[PDB]
$ cat my_file-v2.cif   # mmCIF, C-alpha atoms
data_query
loop_
_atom_site.group_PDB
_atom_site.id
_atom_site.type_symbol
_atom_site.label_atom_id
_atom_site.label_comp_id
_atom_site.auth_asym_id
_atom_site.auth_seq_id
_atom_site.Cartn_x
_atom_site.Cartn_y
_atom_site.Cartn_z
ATOM 1 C CA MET A 1 11.708 12.254 -2.934
ATOM 2 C CA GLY A 2 12.419 13.075 0.732
ATOM 3 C CA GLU A 3 9.243 12.926 2.861
ATOM 4 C CA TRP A 4 5.640 11.743 2.413
ATOM 5 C CA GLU A 5 3.378 13.141 -0.341
ATOM 6 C CA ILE A 6 -0.094 12.927 -1.872
ATOM 7 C CA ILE A 7 -1.311 9.731 -3.588
ATOM 8 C CA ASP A 8 -2.286 9.829 -7.296
ATOM 9 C CA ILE A 9 -6.069 9.599 -7.884
ATOM 10 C CA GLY A 10 -7.872 7.962 -10.846
ATOM 11 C CA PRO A 11 -6.060 4.978 -12.499
ATOM 12 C CA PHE A 12 -3.600 4.668 -9.593
ATOM 13 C CA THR A 13 -5.311 4.708 -6.160
ATOM 14 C CA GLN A 14 -8.023 2.469 -7.636
ATOM 15 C CA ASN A 15 -5.339 0.402 -9.397
ATOM 16 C CA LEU A 16 -3.583 -0.198 -6.050
ATOM 17 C CA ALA A 17 -6.907 -0.979 -4.346
ATOM 18 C CA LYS A 18 -7.637 -3.527 -7.096
ATOM 19 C CA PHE A 19 -4.066 -4.934 -6.948
ATOM 20 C CA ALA A 20 -4.700 -5.626 -3.259
ATOM 21 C CA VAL A 21 -7.898 -7.619 -3.854
ATOM 22 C CA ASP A 22 -6.726 -9.311 -7.093
ATOM 23 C CA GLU A 23 -3.270 -10.406 -5.944
ATOM 24 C CA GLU A 24 -4.547 -11.352 -2.469
ATOM 25 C CA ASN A 25 -7.175 -13.584 -4.156
ATOM 26 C CA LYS A 26 -4.620 -15.001 -6.633
ATOM 27 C CA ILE A 27 -2.352 -16.079 -3.732
ATOM 28 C CA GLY A 28 -5.002 -16.726 -1.025
ATOM 29 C CA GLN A 29 -2.910 -15.447 1.923
ATOM 30 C CA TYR A 30 -5.520 -14.059 4.375
ATOM 31 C CA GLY A 31 -8.714 -13.828 2.297
ATOM 32 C CA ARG A 32 -10.104 -10.456 1.231
ATOM 33 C CA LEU A 33 -13.553 -9.389 2.502
ATOM 34 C CA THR A 34 -16.181 -7.959 0.084
ATOM 35 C CA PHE A 35 -15.961 -4.559 -1.746
ATOM 36 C CA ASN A 36 -16.522 -2.433 1.334
ATOM 37 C CA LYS A 37 -14.843 1.022 0.825
ATOM 38 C CA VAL A 38 -11.689 3.072 1.617
ATOM 39 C CA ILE A 39 -11.414 6.038 4.026
ATOM 40 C CA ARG A 40 -9.787 8.410 1.476
ATOM 41 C CA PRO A 41 -7.647 10.353 0.785
ATOM 42 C CA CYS A 42 -4.422 8.257 1.107
ATOM 43 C CA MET A 43 -0.665 9.045 1.090
ATOM 44 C CA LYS A 44 2.696 7.889 -0.363
ATOM 45 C CA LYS A 45 6.322 8.060 0.833
ATOM 46 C CA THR A 46 9.861 6.862 0.027
ATOM 47 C CA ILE A 47 11.315 4.186 2.299
ATOM 48 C CA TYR A 48 14.872 4.889 3.491
ATOM 49 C CA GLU A 49 17.730 2.469 4.159
ATOM 50 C CA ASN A 50 16.333 1.525 7.615
ATOM 51 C CA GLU A 51 18.890 -1.237 8.302
ATOM 52 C CA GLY A 52 18.018 -2.074 4.675
ATOM 53 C CA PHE A 53 21.636 -2.352 3.415
ATOM 54 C CA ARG A 54 20.643 -0.217 0.381
ATOM 55 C CA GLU A 55 20.253 3.539 -0.186
ATOM 56 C CA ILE A 56 16.515 3.931 -1.030
ATOM 57 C CA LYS A 57 14.580 0.671 -1.496
ATOM 58 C CA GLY A 58 11.917 2.647 -3.400
ATOM 59 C CA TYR A 59 8.527 4.289 -3.023
ATOM 60 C CA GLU A 60 5.752 3.117 -0.694
ATOM 61 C CA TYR A 61 1.983 3.777 -0.892
ATOM 62 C CA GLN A 62 0.090 3.664 2.440
ATOM 63 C CA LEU A 63 -3.680 3.200 2.204
ATOM 64 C CA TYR A 64 -6.490 2.396 4.664
ATOM 65 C CA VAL A 65 -9.000 0.180 2.865
ATOM 66 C CA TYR A 66 -12.032 -0.409 5.071
ATOM 67 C CA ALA A 67 -12.870 -4.090 5.111
ATOM 68 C CA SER A 68 -15.276 -6.222 7.184
ATOM 69 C CA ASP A 69 -15.521 -3.403 9.776
ATOM 70 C CA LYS A 70 -11.830 -2.404 10.306
ATOM 71 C CA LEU A 71 -9.415 -0.013 8.574
ATOM 72 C CA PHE A 72 -6.975 -2.789 7.626
ATOM 73 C CA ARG A 73 -3.652 -1.000 7.062
ATOM 74 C CA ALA A 74 -2.717 -1.877 3.482
ATOM 75 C CA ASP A 75 0.638 -0.664 2.072
ATOM 76 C CA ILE A 76 2.683 -1.401 -1.101
ATOM 77 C CA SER A 77 6.421 -0.910 -1.648
ATOM 78 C CA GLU A 78 7.866 -0.291 -5.119
ATOM 79 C CA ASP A 79 11.277 -1.370 -6.442
ATOM 80 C CA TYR A 80 13.474 1.711 -7.087
ATOM 81 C CA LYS A 81 15.323 -0.270 -9.842
ATOM 82 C CA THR A 82 12.211 -0.091 -12.028
ATOM 83 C CA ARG A 83 8.641 0.345 -10.559
ATOM 84 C CA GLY A 84 7.591 -3.052 -9.165
ATOM 85 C CA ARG A 85 4.755 -3.546 -6.621
ATOM 86 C CA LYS A 86 5.574 -5.750 -3.613
ATOM 87 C CA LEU A 87 2.449 -6.847 -1.755
ATOM 88 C CA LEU A 88 2.544 -5.156 1.681
ATOM 89 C CA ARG A 89 -1.262 -4.885 1.934
ATOM 90 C CA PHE A 90 -3.313 -6.334 4.793
ATOM 91 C CA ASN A 91 -1.328 -5.484 7.940
ATOM 92 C CA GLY A 92 -2.116 -4.219 11.464
ATOM 93 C CA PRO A 93 -5.130 -4.374 11.633
ATOM 94 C CA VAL A 94 -5.787 -0.681 12.474
ATOM 95 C CA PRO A 95 -8.792 0.293 14.682
ATOM 96 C CA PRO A 96 -10.932 3.304 13.626
ATOM 97 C CA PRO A 97 -9.903 6.862 14.642
#
$ encode --input "my_file-v2.cif" --output "structure tokens"
Amino acid sequence: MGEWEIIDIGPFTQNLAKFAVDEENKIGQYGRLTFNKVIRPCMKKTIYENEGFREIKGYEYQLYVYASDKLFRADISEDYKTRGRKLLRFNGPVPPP
């Protein structure tokens, strides 16, 4: 759209949260913890062409799922072409505020 904006609640924020756990388990990349919680609320944005060689890669959803005892920074990027979900969860980690 232009800048950051609010994240959709209901079958969307939860869907993303589940996607994280599900897909992470399906691959086995780092190893998800155990249904802890999320800070809430969370926020979305549109990634720009940041040396990306393409005008608008898509949307991004930035969320801070609490796990173990850290706000693991967990993001997802979408594909502007359609509406894919590229696993960008489980990064940082981020310490608590």
$ atom_distance --input "my_file-v2.cif" --atom1 "CA of residue 23 (chain A)" --atom2 "CA of residue 65 (chain A)"
14.9 Å
$ closest_residue --input "my_file-v2.cif" --among "A:55, A:10, A:93, A:35" --to "residue 22 (chain A)" --atoms "all atoms listed in the file"
A:35
$ resolve_selection --input "my_file-v2.cif" --expression "the PyMOL selection byres ((chain A and resi 36) around 12)" --output "mmCIF file with C-alpha atoms, keeping the file's coordinate frame"
data_model
loop_
_atom_site.group_PDB
_atom_site.id
_atom_site.type_symbol
_atom_site.label_atom_id
_atom_site.label_comp_id
_atom_site.auth_asym_id
_atom_site.auth_seq_id
_atom_site.Cartn_x
_atom_site.Cartn_y
_atom_site.Cartn_z
ATOM 1 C CA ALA A 17 -6.907 -0.979 -4.346
ATOM 2 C CA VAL A 21 -7.898 -7.619 -3.854
ATOM 3 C CA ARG A 32 -10.104 -10.456 1.231
ATOM 4 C CA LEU A 33 -13.553 -9.389 2.502
ATOM 5 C CA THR A 34 -16.181 -7.959 0.084
ATOM 6 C CA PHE A 35 -15.961 -4.559 -1.746
ATOM 7 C CA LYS A 37 -14.843 1.022 0.825
ATOM 8 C CA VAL A 38 -11.689 3.072 1.617
ATOM 9 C CA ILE A 39 -11.414 6.038 4.026
ATOM 10 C CA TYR A 64 -6.490 2.396 4.664
ATOM 11 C CA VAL A 65 -9.000 0.180 2.865
ATOM 12 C CA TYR A 66 -12.032 -0.409 5.071
ATOM 13 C CA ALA A 67 -12.870 -4.090 5.111
ATOM 14 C CA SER A 68 -15.276 -6.222 7.184
ATOM 15 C CA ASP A 69 -15.521 -3.403 9.776
ATOM 16 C CA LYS A 70 -11.830 -2.404 10.306
ATOM 17 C CA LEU A 71 -9.415 -0.013 8.574
ATOM 18 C CA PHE A 72 -6.975 -2.789 7.626
#
$ resolve_selection --input "my_file-v2.cif" --expression "the PyMOL selection byres ((chain A and resi 62) around 8)" --output "MDAnalysis selection string"
chainID A and resid 42:45 60:61 63:64 73:76
$ resolve_selection --input "my_file-v2.cif" --expression "the PyMOL selection byres ((chain A and resi 80) around 7)" --output "PyMOL selection string"
chain A and resi 57-59+78-79+81-83
$ closest_residue --input "my_file-v2.cif" --among "A:4, A:26, A:11, A:16" --to "residue 46 (chain A)" --atoms "only C-alpha atoms"
A:4
$ atom_distance --input "my_file-v2.cif" --atom1 "CA of residue 87 (chain A)" --atom2 "CA of residue 20 (chain A)"
7.4 Å
$ axis_aligned_box --input "my_file-v2.cif" --around "region 58-72 of chain A" --padding-each-side "5 Å" --output "JSON"
{"center_x": -1.8, "center_y": -1.0, "center_z": 3.5, "size_x": 37.4, "size_y": 20.5, "size_z": 23.7}
